[PDB]
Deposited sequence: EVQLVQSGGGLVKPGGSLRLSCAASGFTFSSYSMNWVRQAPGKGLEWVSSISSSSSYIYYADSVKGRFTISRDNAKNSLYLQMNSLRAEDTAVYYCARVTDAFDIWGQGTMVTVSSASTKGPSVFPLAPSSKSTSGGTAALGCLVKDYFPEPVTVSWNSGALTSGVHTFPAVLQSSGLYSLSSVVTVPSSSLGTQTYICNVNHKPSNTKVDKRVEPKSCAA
């Protein structure tokens, strides 16, 4: 019906530029103010910019003034955001939105990741245990997303928690995967995390051994 279809975004280096697009259908595009709103990872919503129906009136958030430029092409039913001089703090899902009295139609979201990293496979380190014992693997310093982790080649699923990746200040991702198991099993069962980072073709199987030190 009424729809806003986003494209653009993805990976960019600090200081670099990206252009986001938003294609509108199902309503009279030229008669509405359009907006961009962003959401940093694990955080709330921040308005970025607005543009009036005929581009007479343009508004920017304090945090993007002088770097981002909003525009629209009413004849193509399209909204744009030219983002320049990108920084780590601009890493976020960016949404286009129509405004009437509230933001009443939203795009699907476009992820923008600002990092100087090249493709790099992770190092995998043990998180070693010492009724129930917890063990895991730290999957550190990889780019881009994603990595997959299983345990015991998929035969161990119960009690597994693989955390969402966090972008570190180095521009590389890290995550841990953990599992809780009965401590009585630690002396008889083997626990192995299977890590695959397909962008770098990096596959590791790490058996996690109980430690005391």
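Engineer: Missing C-alpha coordinates: which residue stretches of the deposited sequence does that apply to?
Structural biologist: Comparing the full sequence with the modelled residues, the uncovered ranges come out as 131-136, 220-221.
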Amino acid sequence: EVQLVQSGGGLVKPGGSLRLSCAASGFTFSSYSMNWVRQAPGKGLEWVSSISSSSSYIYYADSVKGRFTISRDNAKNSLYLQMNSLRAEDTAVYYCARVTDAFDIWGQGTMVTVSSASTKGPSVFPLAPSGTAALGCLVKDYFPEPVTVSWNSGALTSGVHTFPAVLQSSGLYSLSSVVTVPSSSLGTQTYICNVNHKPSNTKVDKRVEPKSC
From here on, numbers count along this sequence of modelled residues.
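Engineer: Could you settle it for me: does 111-119 or 139-147 have the higher average Cα B factor in the PDB entry?
Structural biologist: Mean C-alpha B-factor is greater for 111-119.
Engineer: Per the PDB record, is the mean Cα temperature factor higher over 176-184 or over 24-32?
Structural biologist: The stretch with the larger mean CA B-factor is 176-184.
Engineer: Name the one of 51, 48, 156, 165 with the greatest CA B-factor according to the PDB entry.
Structural biologist: Reading the PDB entry, the winner on C-alpha B-factor is 156.
Engineer: Per the coordinate record, which of the options 128, 93, 79, 105 holds the highest CA temperature factor?
Structural biologist: It is 128.
Engineer: Name the third of the chain's ranked CA B-factors that contains residue 192, choosing lowest, middle or highest.
Structural biologist: Ranked within chain, residue 192 CA B lands in the middle tercile.
Engineer: How does the C-alpha B factor of residue 74 compare with the rest of the chain: lowest, middle or highest third?
Structural biologist: Its C-alpha B-factor belongs to the middle third of this chain's values.
Engineer: With respect to C-alpha B-factor, does residue 198 fall in the lowest, middle or highest third of the chain as deposited?
Structural biologist: Middle third - that is where residue 198 ends up once the chain's C-alpha B-factors are sorted.
Engineer: Comparing residue 134 with the other modelled residues of its chain, is its CA B-factor in the lowest, middle or highest third?
Structural biologist: Highest third.
Engineer: What third of its chain, lowest, middle or highest, does the C-alpha temperature factor of residue 86 fall into?
Structural biologist: Within its chain, residue 86 is a highest-third residue by C-alpha B-factor, going by the deposited values.
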